[PDB]
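Take a look at this one chain, the form deposited in one PDB entry, written out in structure tokens.
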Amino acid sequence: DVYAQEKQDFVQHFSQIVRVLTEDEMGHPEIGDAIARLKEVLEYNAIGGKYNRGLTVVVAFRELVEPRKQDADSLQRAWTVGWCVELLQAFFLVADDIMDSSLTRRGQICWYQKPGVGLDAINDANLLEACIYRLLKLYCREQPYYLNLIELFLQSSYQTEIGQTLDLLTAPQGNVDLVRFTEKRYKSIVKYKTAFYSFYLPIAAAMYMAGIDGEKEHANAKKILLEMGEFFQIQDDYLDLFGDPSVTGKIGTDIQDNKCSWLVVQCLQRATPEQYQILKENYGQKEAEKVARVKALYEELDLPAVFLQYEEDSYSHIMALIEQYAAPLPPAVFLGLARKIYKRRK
């Protein structure tokens, strides 16, 4: 409910983000066409999601900063930093969709699949990343936490890219990769590719903005948040195959793309030798009938039911971590995030 309360306000501020990021068209008109492109890229790729990561910045800031310190300018900085996290997500998704051969995202054709865009989307993606640091400069440069935020975003990006490296290394095209698909490898991939930027980053950013800079407070927050991120990525992998695409907004490519998904890991742990062979002959290939055979195997092994049980046990574990590590931060900071992600269908 705390996310829904802030959502309209948050999305309304996108206009101002776009206006501020396109405002150099005024002083350097020679870059006009490029700024028009950047606006198109922002409108297509930074809108249409759920805004969970950016909204988390704003909700956390409200909960962590004394209300007498939530002046107009401070709140605007908070909505701007939330939008920075959304721009990071947009950078990542544009590039990921290329690398994953994806078709749709957030209910529309991926940006790179648009006629006339193609591999120029590489540059578009990187432009989105640059916009983060332009926003941080424009709004936060005189604040004591400016450097902490720059470094947090840079570090989060590095960690995420390292995860993406592990994801791509574990999933080579055209090679049987089943031996590589272990729980230990899975946990390492998702910690780096998803958990740092999707969970630690937004809460950390709010913490820094609230003046909470201590190593121990950041570490304790991290303990909760990285585990939440692991669950989130497990959910994401489950939904890639079993999610309703009218809800998720995107077609799944994990099977065709040979990915170390939580699904294929759980399949491997349960498979008879005959099933192992079915998996080997059908995984990591573009043929629709081979993708169908893998899904049928997962259903044979009751993986949906194993997921539902896992979601229950994971929720309980994260709540136990909140009891242990939330203090001295309000537990509502973590509880509002848990509510948002658990039982998520998108």
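Counting begins at 1, following the sequence as shown.
Beyond what is shown, the protein has a form solved in complex with a small molecule; the following relates to that form.
Remark: residue 39 does not count among the residues lining the small molecule in the deposited bound form, judged by a heavy atom distance of 4.5 Å or less. The closest non-hydrogen atom of residue 198 lies within 4.5 Å of the small molecule in the deposited bound form. The closest heavy atom approach of residue 177 to the small molecule in the deposited bound form falls outside 4.5 Å. Taking the partner from elsewhere, residue 241 is found to have every heavy atom lying beyond 4.5 Å of the small molecule in the deposited bound form. Taking 247, 138, 219, 130 one by one, only a single residue has any non-hydrogen atom within 4.5 Å of the small molecule in the deposited bound form, and it is 247.
Among 262, 232, 79, 111, the residue placing a heavy atom within 4.5 Å of the small molecule in the deposited bound form is 232. Residues of just one listed stretch (292 to 300, 274 to 282, 31 to 39, 44 to 52) have heavy atoms within 4.5 Å of the small molecule in the deposited bound form: 44 to 52.
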